[PDB]
Amino acid sequence: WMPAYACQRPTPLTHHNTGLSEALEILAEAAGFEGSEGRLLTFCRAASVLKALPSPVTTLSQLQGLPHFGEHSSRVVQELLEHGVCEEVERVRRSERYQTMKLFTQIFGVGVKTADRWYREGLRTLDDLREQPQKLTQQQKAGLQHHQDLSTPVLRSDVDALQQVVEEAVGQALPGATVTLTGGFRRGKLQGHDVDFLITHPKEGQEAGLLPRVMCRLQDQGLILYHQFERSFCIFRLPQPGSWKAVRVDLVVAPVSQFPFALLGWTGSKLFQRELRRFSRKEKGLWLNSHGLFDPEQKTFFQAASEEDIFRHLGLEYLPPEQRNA
DNA sequence: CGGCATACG
DNA sequence: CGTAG
DNA sequence: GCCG
Ligand SMILES: [Cl-]
Ligand SMILES: [Mn+2]
Ligand SMILES: [Mn+2]
Ligand SMILES: [Mn+2]
Ligand SMILES: [Mn+2]
Ligand SMILES: [Mn+2]
Ligand SMILES: [Mn+2]
Ligand SMILES: [Mn+2]
Ligand code: NA
């Protein structure tokens with residue numbers, strides 16, 4: 001009934017099991033903070049199964065047969081159904097370790113490994129980190145200075161304004177180049193914590209060298225608060241009533257031959273792409289990334305002119321972006 | 001039991 | 001090590 | 001943690 005891989009089923013942005021999925025996602029996040037990537041994946045997959053269901057789970061019997069539900073995830077759901085809270089989830093939520101790792105890992109430039117080392121050193125707050133700044137990378141300094149703005153949701157209005165400025169710089173950098181909105185906004189989200197753009201040109205090879213030219217032009221317009229090639233992880237100055245706010249923007253370039261693969265990868269979701277790559281390799285023997293799809297037996301790359309082509313190569317029914325919210 | 005996606009900066 | 005989806 |  002329910003397929004085992006998230007790329008085999010539609011997953012809408014909004015659904016009928018929000019509270020249950022959010023609880024399993026807390027456990028997934030906590031597993032990641034402890035380095036348990038296998039448990040993280042199971043909890044993420046179980047949460048995603050619930051997002052794909054056509055109606056609310058009301059009774060434990062409704063889980064039997066569902067993929068990725070074993071003793072642990074089933075008990076979590078049982079406790080939520082019976083009591084409205086899961087004791088393990090609540091213990092994680094209030095724990096100093098979870099709260100501090102969440103705080104630190106949400107800083108741009110800080111991953112689980114850095115956050116854990118800081119935790120073991122006794123650091124607990126953002127001001128703790130600001131008090132010893134020479135121990136920070138340039139990226140972390142920017143992440144900390146802009147942390148408050150970067151925690152503020154990005155709206156669709158913001159996205160449309162950013163796209164116009166990126167298009168202007170891209171047009172001077174290379175006439176004919178195009179800018180496509182990707183990431184969660186392409187999946188239908190009305191808000192987000194960042195904006196993602198994919199840039200190409202219709203003539204294969206003309207996009208070579210493009211991203212430095214785009215970055216320099218945005219920098220000379222005073223729009224770049226931070227930047228560090230094919231991928232640029234920036235902080236942009238976005239106008240606001242009588243002021244402005246910092247916004248994370250990712251700019252990516254791909255040649256038109258690779259564009260459908262890059263569009264698919266950068267549209268996500270993260271779990272969708274991991275599941276699609278797992279399905280490709282384990283079920284079809286093909287190796288997928290955001291550059292291409294490789295047959296390792298014939299030693300050839302599949303040509304694709306669209307996302308539709310990629311789903312067909314993999315033997316999967318097509319899912320539009322708004323059904324990829326695994 | 002092994003596997004768990006696969007890139008770039 | 002960080003970043004991306 | 002779960003699956004094959
Ligand atoms: Cl890639
Ligand atoms: Mn358990
Ligand atoms: Mn009980
Ligand atoms: Mn994004
Ligand atoms: Mn490349
Ligand atoms: Mn992004
Ligand atoms: Mn094992
Ligand atoms: Mn285990
Ligand atoms: Na981070």
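Heavy-atom basis, side chains included; hydrogens, waters and symmetry copies ignored. Below, read A as the first sequence line, B as the second, and so on, with proteins coming before strands; counting in each chain starts at 1.
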(request) Specify the separation, in whole Å, of atom CD of A:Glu283 and atom P of B:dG3. (result) 16 Å
(request) Can you tell me the distance, in whole Å, between the CG atom of A:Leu66 and the P atom of D:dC2? (result) 12 Å
(request) Measure from the side-chain N and O atoms of A:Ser21 to the backbone N and O of A:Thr18, and report whether any donor-acceptor pair falls under 3.5 Å. (result) yes
(message) If the threshold is 4.0 Å, N to carboxylate O, is there a salt bridge linking A:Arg39 and A:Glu34?
(response) no
(request) Inspect the contact between A:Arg91 and A:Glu88 and indicate whether a charged nitrogen and a carboxylate oxygen are less than 4.0 angstrom apart. (result) no
Review item, nucleotides 3-5 of chain C N/O atoms under 3.5 Å of protein N/O:
unit_1: C:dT3; atom_1: OP1; unit_2: A:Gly109; atom_2: N; d: 2.8
unit_1: C:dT3; atom_1: OP1; unit_2: A:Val110; atom_2: N; d: 3.4
unit_1: C:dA4; atom_1: OP1; unit_2: A:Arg248; atom_2: NH2; d: 2.9
unit_1: C:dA4; atom_1: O3'; unit_2: A:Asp250; atom_2: OD2; d: 3.3
unit_1: C:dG5; atom_1: OP1; unit_2: A:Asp194; atom_2: OD2; d: 2.7
unit_1: C:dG5; atom_1: OP1; unit_2: A:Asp196; atom_2: OD1; d: 2.9
unit_1: C:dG5; atom_1: OP1; unit_2: A:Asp196; atom_2: OD2; d: 3.0
unit_1: C:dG5; atom_1: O3'; unit_2: A:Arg187; atom_2: NH1; d: 3.3
unit_1: C:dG5; atom_1: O6; unit_2: A:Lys270; atom_2: NZ; d: 3.3

(message) Between A:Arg117 and A:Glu121, does any side-chain N to carboxylate O distance fall below 4.0 Å?
(response) yes
(request) To the nearest Å, give me how far apart CH2 (A:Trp287) and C1' (B:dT6) are. (result) 12 Å
(request) For A:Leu264, answer base if it contacts any base atom (sugar-phosphate contacts may also be present), sugar-phosphate if it contacts only those atoms, and nothing otherwise; contact means non-hydrogen atoms under 4.0 Å. (result) nothing
(message) Please give the distance between the P atoms of B:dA5 and D:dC3 as a whole number of Å.
(response) 16 Å
(message) For A:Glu307, is there an ion pair with A:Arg186 - N to carboxylate O distance below 4.0 angstrom?
(response) yes
(message) Measure CZ/A:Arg281 against P/D:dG4 and give the value in whole Å, please.
(response) 19 Å
(message) Treating A:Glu275 as the side-chain partner and A:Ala6 as the backbone partner, does any N or O pair qualify as donor plus acceptor under 3.5 Å?
(response) yes
(message) One thing to verify: whether A:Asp250 and A:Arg248 come together as a salt bridge, which I'm taking to mean a side-chain N less than 4.0 angstrom from a carboxylate O.
(response) yes
(message) If I take atom NZ in residue A:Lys282 and atom P in nucleotide B:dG2, what distance separates them, rounded to the nearest angstrom?
(response) 13 Å
(request) Calculate the interatomic distance between A:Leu276 atom CG and B:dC4 atom P; express it in whole Å. (result) 15 Å
(message) Please tell me if A:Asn289 has a side-chain N or O lying less than 4.0 Å from either OP1 or OP2 of B:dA7.
(response) yes
(request) Specify the separation, in whole Å, of atom CZ of A:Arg39 and atom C1' of D:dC3. (result) 16 Å
(request) To the nearest Å, give me how far apart NE2 (A:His68) and P (D:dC2) are. (result) 10 Å
